[PDB]
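Note that these values count all heavy atoms, side chains included, but never hydrogens, waters or copies made by symmetry. Proteins come first, then strands; the chains are lettered A, B, ... in the order of their sequence lines, and each starts at number 1.
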Protein chains: 2
Amino acid sequence: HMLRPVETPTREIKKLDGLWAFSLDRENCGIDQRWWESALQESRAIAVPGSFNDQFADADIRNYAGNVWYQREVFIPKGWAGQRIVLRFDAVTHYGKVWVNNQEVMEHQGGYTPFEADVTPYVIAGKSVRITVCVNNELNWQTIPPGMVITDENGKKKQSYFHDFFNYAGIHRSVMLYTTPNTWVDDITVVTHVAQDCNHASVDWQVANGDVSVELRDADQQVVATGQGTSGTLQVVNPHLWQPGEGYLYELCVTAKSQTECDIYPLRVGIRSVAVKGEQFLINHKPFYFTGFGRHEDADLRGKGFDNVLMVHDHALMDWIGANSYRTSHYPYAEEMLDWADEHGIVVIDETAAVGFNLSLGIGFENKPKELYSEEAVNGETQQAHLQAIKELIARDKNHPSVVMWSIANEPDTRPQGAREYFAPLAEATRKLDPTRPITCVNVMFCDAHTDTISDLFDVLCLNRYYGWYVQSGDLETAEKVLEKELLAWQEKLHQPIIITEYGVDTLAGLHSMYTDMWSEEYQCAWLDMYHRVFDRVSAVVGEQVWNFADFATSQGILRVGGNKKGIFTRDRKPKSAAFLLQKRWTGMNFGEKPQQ
Amino acid sequence: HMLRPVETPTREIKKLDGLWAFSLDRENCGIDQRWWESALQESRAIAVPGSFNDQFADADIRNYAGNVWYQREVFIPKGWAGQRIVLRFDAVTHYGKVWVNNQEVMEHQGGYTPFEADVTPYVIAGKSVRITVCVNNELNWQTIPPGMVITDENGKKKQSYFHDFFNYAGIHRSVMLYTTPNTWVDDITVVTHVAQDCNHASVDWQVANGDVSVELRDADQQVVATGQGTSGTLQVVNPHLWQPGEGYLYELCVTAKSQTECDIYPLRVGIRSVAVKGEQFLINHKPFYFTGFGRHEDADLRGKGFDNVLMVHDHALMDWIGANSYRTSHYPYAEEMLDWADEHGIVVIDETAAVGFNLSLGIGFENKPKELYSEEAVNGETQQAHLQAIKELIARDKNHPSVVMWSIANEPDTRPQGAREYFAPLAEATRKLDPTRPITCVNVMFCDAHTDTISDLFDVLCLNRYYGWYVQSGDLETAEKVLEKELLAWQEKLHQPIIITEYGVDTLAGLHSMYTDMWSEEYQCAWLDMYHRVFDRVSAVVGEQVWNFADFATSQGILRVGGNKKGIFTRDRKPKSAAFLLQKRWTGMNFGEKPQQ
Ligand SMILES: CCCCCC[C@@H]1NC[C@@H](O)[C@H](O)[C@H]1C(=O)O
Ligand SMILES: CCCCCC[C@@H]1NC[C@@H](O)[C@H](O)[C@H]1C(=O)O
């Protein structure tokens with residue numbers, strides 16, 4: 001049971017603020033020598049939140065595999081003698097184990113979701129405790145995402161993985177201590193139903209030794225509904241709906257009264273209905289059309305570290321270009337992202353970190369498990385770890401009205417028997433963990449309409465298609481034919497709504513061509529344009545998401561010229577020519593509505 | 001009297017073909033030691049045609065001022081015992097003096113026009129003579145263009161000049177030996193009149209001890225007119241006219257019969273009428289609208305050297321983009337250019353090399369004659385040299401139907417009294433040297449409508465305007481207002497047709513901006529677009545020529561990031577985004593007709 005921290009009977013002191021002591025451990029003696037005991041040797045200042053790889057311009061820190069130590073002292077605020085205090089890590093990429101002054105208090109696997117522990121017994125209010133963090137950036141076959149650690153003859157660990165983006169690690173987001181009353185709200189769940197768009201209710205179901213009443217206050221803070229019951233309610237309402245263009249928010253505030261002290265938790269709600277009918281995706285009983293991007297949490301110097309200016313600027317760009325939706329590509333994003341999405345009515349495809357369950361999308365000319373689904377590779381523990389990743393993503397983003405669909409994985413290889421054996425239970429478990437949202441699994445190119453094995457276990461079909469790029473390279477005529485043929489094949493086979501969640505081409509900013517050859521800005525424009533002409537001719541396609549909003553870092557190889565260049569913007573957010581192409585189509589269309597051509 | 005070499009009683013052996021011996025002369029002892037006597041010492045292979053500056057990747061050859069020696073042996077063809085043979089240099093940039101085996105035979109000042117000498121007495125037919133050329137790249141106040149040589153304390157000559165483009169030198173074009181019969185055509189002049197577009201004649205006037213008859217053969221080689229008379233004729237005709245879109249060519253062939261031997265010269269003619277009426281420029285009695293470029297003869301490695309692939313490719317680009325006209329910016333171009341223009345119906349503004357008669361367009365923070373028009377600077381000899389440059393340009397391109405206007409100079413400073421004193425006689429002398437074409441002088445920005453002194457001495461007003469770039473920098477709103485105000489002021493003051501012969505902005509390929517700030521591709525697009533919206537609101541503007549077709553080399557300075565970047569194409573001919581902007585406007589308009597907005 002987890003909620004995002006906020007105010008009044010609750011209060012934060014964040015240690016996000018500032019520089020920590022940081023150290024490597026090339027021989028992994030930190031645990032043996034109990035480094036959490038003393039203040040570190042060999043410590044250098046590092047900034048949190050932020051990846052550790054790019055911060056020191058050193059290829060050895062950058063390419064490190066192992067454990068790293070983050071440590072900082074802090075003064076525990078003194079008006080906190082009688083309240084309950086928690087230590088919350090909003091993300092520690094891959095694995096983290098924390099000591100609060102010689103006392104292990106938490107441990108976590110999963111680099112993208114928050115994890116907290118009550119630390120009341122282990123701290124002296126009014127004085128300073130020392131926080132030590134042990135961070136592991138290693139991936140094996142039971143981590144979400146999977147990878148393999150390669151140890152050379154000399155014990156240097158080098159991490160290989162099967163996804164594009166670079167394996168940035170560290171404390172990527174918020175680290176804070178926050179206090180709730182000893183009687184406190186611990187979890188909230190809100191569900192919205194709507195009929196003729198002027199007439200429904202907000203079911204609730206709450207959970208910590210406190211009798212609870214909930215007021216549903218206005219944007220004007222005018223109250224229009226009231227309930228009581230730990231097992232919640234159905235507050236019935238005639239309302240203004242949370243819509244894609246505007247995203248209205250009521251405020252449902254839950255009051256947890258114990259007979260002495262009280263706690264109250266403010267939770268914003270968007271009144272909207274999501275469903276799939278035939279080949280139509282409907283938000284509030286109207287067929288929506290998705291436009292926008294796959295994104296990444298990547299940026300210069302800070303890696304995957306959260307940054308407010310970046311969020312403000314990237315939403316300004318996305319707003320300008322006319323995007324209405326995005327997918328949290330290949331891991332759960334910072335919650336600040338989803339909060340922004342709620343206030344602005346941005347439609348979001350929420351996705352777990354389950355990427356790389358595929359051993360066919362390689363560079364060439366170089367020792368893998370020859371069976372993807374097996375005891376050596378993706379096995380039962382992997383499945384359990386995956387289900388737990390689904391449970392953490394859902395427990396954190398269930399109430400967000402902007403999250404409109406759950407993505408279980410991205411681009412697994414579905415051809416082997418055992419893909420369906422691995423995925424079907426996860427598809428079912430996910431539906432039972434949130435029956436109010438449709439479910440998806442993003443589908444790779446070579447698992448075509450004929451060969452794919454699991455897409456009928458999901459509500460929406462999300463395709464990643466690169467005809468004319470990785471195959472039929474340079475050939476816009478042939479690729480157009482292939483793309484039309486496979487889209488009609490998919491619509492014939494499943495009669496589900498189709499979103500093209502990935503389509504894009506590597507483009508060097510400033511490379512121009514009078515031909516329309518690959519890597520050129522002219523080719524990025526003509527290729528996106530040919531895709532758009534096809535989408536507009538297939539009734540089932542309800543959504544387009546250009547593969548990347550910006551250029552991002554990847555591991556080194558012959559396929560990646562300083563990373564992935566499929567961005568519409570450069571890594572410093574400057575637009576390639578295709579940006580204006582996109583802006584013309586996406587602002588020239590009626591909002592949320594499929595282009596009539 | 002000069003004509004371009006061609007065939008049958010005439011025949012070429014070109015020494016353009018191939019590598020010559022080349023040498024510097026840092027102490028100028030080549031003339032004293034009569035290097036033309038022997039085969040050179042210290043000689044390295046060099047390619048002709050082509051500048052010498054960029055060919056060796058050496059900054060000292062590149063930045064040299066002085067004399068250089070070109071020398072090659074050649075075998076004089078033996079079936080040339082009884083015909084007359086000439087040595088023709090199509091261009092030797094700035095100055096050249098040639099010895100044909102210890103016999104000075106020619107000398108020339110003027111780096112852009114051909115010069116030839118009969119060499120019959122000085123050669124043994126059937127054996128090989130040695131050709132030595134002395135080339136000077138220096139500019140003083142009596143050269144077209146003017147410059148000043150700066151000699152430092154150690155006698156190193158460094159050339160300063162007052163124009164943008166780099167002072168490339170050498171043998172830039174064709175060097176050939178060609179034979180005519182001892183009775184030969186020596187000069188031709190053709191004039192075209194046309195009334196209701198189905199009804200007029202071709203006046204002629206011919207000139208070398210030969211009785212002459214002229215047949216006017218078809219594209220089908222069908223004869224439709226015939227004359228005789230050294231003093232020519234008026235062949236009256238009902239015809240298909242030389243038009244801008246197509247450029248039909250008759251062939252007028254002149255037959256020079258002596259009683260024994262004969263010579264005949266083929267000369268293509270375009271039947272078209274050019275005139276100015278009010279604020280209208282008419283080709284064949286219809287108002288034309290100019291689109292296209294200022295160009296340059298500049299390209300990688302070869303400098304200003306002529307190259308056939310470059311001509312084919314640049315015309316393919318210009319054709320694609322929709323350009324119908326161009327100005328031979330800042331010197332006469334290769335005649336092959338004007339021949340191409342004739343066959344393709346490209347309208348050309350022909351311009352002399354008289355650039356830099358202005359000492360106000362400088363970079364800053366650095367000794368010039370404080371009076372531009374004076375004995376120290378532009379004086380009477382400069383005027384005579386300028387008139388001779390006008391005479392050479394006109395004698396070479398008079399018959400070309402594509403040449404539709406003569407440009408006397410580019411961007412002189414007209415404010416001082418003495419600008420009108422210098423220019424008026426040249427304007428008159430030019431009208432009397434070709435009364436069939438309108439006359440222009442390209443006008444610089446700071447000689448505004450109020451202050452300019454000489455524009456009323458010319459038929460067409462050609463403006464070079466850079467509001468929003470060099471002034472009101474970045475400000476599209478303010479610059480738009482200024483540009484409209486000055487264009488209406490010019491139309492009010494002179495009621496002449498206005499061509500904007502220069503408008504452009506420096507643009508780094510691949511620099512992009514979400515603002516529309518300078519040096520960005522987005523700014524090049526928005527600035528050209530604002531100019532186009534203004535032009536379309538002023539009745540007198542009949543022509544637009546974006547300043548540069550491609551990026552070109554300039555001398556070093558703080559204003560030029562690796563040269564001038566105002567090109568629409570890069571120096572390797574790849575398009576910036578604005579190229580598509582241009583292609584949309586220029587191909588979306590009715591041909592030769594002003595955009596109705
Ligand atoms: C032949 C199949 C090619 C799959 C390649 C498409 C990949 N999908 C997942 C994304 O994270 C990658 O960046 C994308 C790519 O490589 O740019
Ligand atoms: C303030 C007046 C500025 C004049 C500058 C305009 C110049 N006209 C002549 C061209 O040869 C130059 O390239 C152009 C420029 O500099 O790019």
Side-chain angles (χ1 to χ4, degrees), chain A residues 293 299-300 309-323 506-529 548-551 561-562 565-584 586-587, chain B residues 293 299-300 309-323 506-529 548-551 561-562 565-584 586-587:
Chain A
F293 296 106
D300 270 315
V309 174
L310 255 169
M311 172 170 65
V312 180
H313 189 267
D314 282 343
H315 278 108
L317 290 176
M318 276 179 97
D319 181 77
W320 168 84
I321 211 169
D506 284 80
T507 301
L508 292 210
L511 193 183
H512 299 268
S513 197
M514 279 294 308
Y515 320 93
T516 308
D517 47 26
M518 294 158 77
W519 304 89
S520 78
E521 278 186 58
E522 290 68 26
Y523 194 75
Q524 185 175 38
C525 291
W527 195 90
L528 290 172
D529 190 70
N548 223 288
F549 165 88
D551 298 343
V561 194
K565 298 283 175 288
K566 277 174 197 82
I568 296 300
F569 300 84
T570 50
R571 192 158 196 238
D572 47 343
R573 312 314 198 231
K574 312 158 154 206
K576 294 157 205 205
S577 321
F580 308 103
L581 171 88
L582 284 179
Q583 179 266 321
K584 275 188 250 326
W586 288 338
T587 52
Chain B
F293 296 106
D300 270 315
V309 174
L310 255 169
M311 172 170 65
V312 180
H313 189 267
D314 282 343
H315 278 108
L317 290 176
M318 276 179 97
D319 181 77
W320 168 84
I321 211 169
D506 284 80
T507 301
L508 292 210
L511 193 183
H512 299 268
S513 197
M514 279 294 308
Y515 320 93
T516 308
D517 47 26
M518 294 158 77
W519 304 89
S520 78
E521 278 186 58
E522 290 68 26
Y523 194 75
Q524 185 175 38
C525 291
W527 195 90
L528 290 172
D529 190 70
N548 223 288
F549 165 88
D551 298 343
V561 194
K565 298 283 175 288
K566 277 174 197 82
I568 296 300
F569 300 84
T570 50
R571 192 158 196 238
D572 47 343
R573 312 314 198 231
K574 312 158 154 206
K576 294 157 205 205
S577 321
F580 308 103
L581 171 88
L582 284 179
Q583 179 266 321
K584 275 188 250 326
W586 288 338
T587 52

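Considering every non-hydrogen atom in both A:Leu528 and A:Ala578, the closest pair reads CD1-CB, 3.8 Å. Minimum heavy-atom separation, B:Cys525 to B:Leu581: O-CD2, 3.8 Å.
Neither the backbone nor the side chain of A:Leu508 comes within less than 4.5 Å of any heavy atom in chain B.
Scored by the ring-ring contact (aromatic ring centres under 6.0 Å, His included) test, A:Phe569 finds A:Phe549 as partners (sequence neighbours excluded).
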Step through the atoms of chain A and chain B and list each donor-acceptor pair whose separation is under 3.5 Å.
from: A:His512; atom 1: ND1; to: B:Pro575; atom 2: O; distance (Å): 3.0
from: A:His512; atom 1: NE2; to: B:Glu521; atom 2: OE1; distance (Å): 3.4
from: A:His512; atom 1: NE2; to: B:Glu521; atom 2: OE2; distance (Å): 3.2
from: A:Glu521; atom 1: OE1; to: B:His512; atom 2: NE2; distance (Å): 3.4
from: A:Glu521; atom 1: OE2; to: B:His512; atom 2: NE2; distance (Å): 3.2
from: A:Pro575; atom 1: O; to: B:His512; atom 2: ND1; distance (Å): 3.0

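A:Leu317 places none of its side-chain heavy atoms less than 4.5 Å from the side chain of A:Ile568.
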